[PDB]
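Read through the structure below, which is laid out as structure tokens, and then see the notes.
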Amino acid sequence: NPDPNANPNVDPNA
Amino acid sequence: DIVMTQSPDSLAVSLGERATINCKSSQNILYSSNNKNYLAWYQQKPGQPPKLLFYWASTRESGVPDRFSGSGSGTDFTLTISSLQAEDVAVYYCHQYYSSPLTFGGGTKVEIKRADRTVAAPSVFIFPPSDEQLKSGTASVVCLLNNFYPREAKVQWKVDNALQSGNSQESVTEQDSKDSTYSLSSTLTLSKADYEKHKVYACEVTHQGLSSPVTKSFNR
Amino acid sequence: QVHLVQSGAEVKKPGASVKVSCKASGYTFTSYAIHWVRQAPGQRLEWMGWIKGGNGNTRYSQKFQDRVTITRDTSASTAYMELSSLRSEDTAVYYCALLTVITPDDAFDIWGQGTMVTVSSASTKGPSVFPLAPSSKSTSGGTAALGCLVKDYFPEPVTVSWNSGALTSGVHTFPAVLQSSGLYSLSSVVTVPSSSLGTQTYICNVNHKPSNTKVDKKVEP
């Protein structure tokens, strides 16, 4: 599963 | 440590043709939960910061021309430039933002090849030392080979008809995007005293495109 | 309109430290995280870290966890990256970047202009600039070649423009050569009409940022 804190500038929502 | 491996390391594709850049990730970067591929394609011209081309593997960045396409999922991704032009010659990086640390591929250098199969001979120019430089006690003589192809060229310096060795330096440009040609500069660096000793200074240029070596000369 | 403006290029001794700054404008500085990413000459981009512009939490790459410190000034809207114990492989361009900002509303990606850092015990030296004047020996087919020799500088790079950017067509700025002295030298050339050498003005603009050197050389017949 992806780490949302790898790049905080990325919101994972579709 | 998601390792991003690009292939090939450098591609030579001609105008209007398709460029293909593969990128494989050491682990699957497709999250099933949202069906998104945590991959971006970046464009980098020399001396410039990279430019985002694609994110979510295939979702276009606003402004990128439709001839750019992102394909792939999971661990295998491809950047396709369906119709190449000079403003697309660059170095192409894949990039994962799936996990930390953020990593990039080794990059793929997209080079332009001549669709002509023809060859361009260099136009040769010689520059004696400037008087400014001769004021300071050194003399640089510059030979310029402009707009030739292919890149292989031989420049030999002759001072008073004697072939020189050990006192010249050479530099070739990267490819020109428009004409795919190269230019080369060769500098003969002498002492000002050593320069005043002689009169005839020439650079002899050998290249595929010349039926015979071309000599460009001047008298001090 | 969102801008990342980084501090100027630097030469640092091995084992010393270097602090690169990144001034952010055009957006609410508290909203996003600024990343630091470096690129050694010709090599791939190495992500160094990020810091949230308002919050202040940092995440470092494990490769730089020992020697890197990312800090932020929320008033000056500035991120800082400090690399200490500078080794040889630290010579690189250090970018700050708003890497792949994918908000529920927008998606963009902005970098600073980059900051070259050369790790060397050799000292900064600005270049001498000399005209490569057009003459009868630099003419071919109605065209005249002319240029500027930018000699004896350290470190890389110097940038050359012509007529403050209005002259770009036919310009070739060659890769620098490394002289035996350890100093660099390059030439920048351009081909123009030979018929208009009497009416046009050609000036080479040389900039060497590490030495704060600016030279506009008029190149005349």
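Per chain, numbering begins at 1; letters A, B, ... match sequence-line order. All values below come from the heavy atoms of this structure, side chains included, with hydrogens, waters and symmetry mates left out.
Side-chain contact annotation: C:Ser120 with C:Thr118, donor-acceptor N/O pair under 3.5 Å absent. Judged by distance alone, the side chains of C:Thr74 and C:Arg72 never bring a donor and an acceptor atom under 3.5 Å apart. A side-chain donor-acceptor contact under 3.5 Å links C:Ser188 and C:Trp162.
C:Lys151 and C:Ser185 get closest at one heavy-atom pair: CG-OG, 3.3 Å.
Considering C:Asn205, C:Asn163, C:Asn207 in turn, C:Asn205 is the only one that fulfils the side chain to side chain donor-acceptor pair (under 3.5 Å) rule with C:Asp216.
Taking 4.5 Å as the heavy-atom cut-off, the residues of residues 48-66 of chain C that approach chain A are C:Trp50, C:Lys52, C:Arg59, ordered by number.
Looking at A:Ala14, neither its backbone nor its side chain comes within 4.5 Å of chain C, counting heavy atoms on both sides.
The aromatic rings of C:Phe108 and C:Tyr32 sit perpendicular to each other, their planes meeting at more than 60°, with 30° as the lower class boundary.
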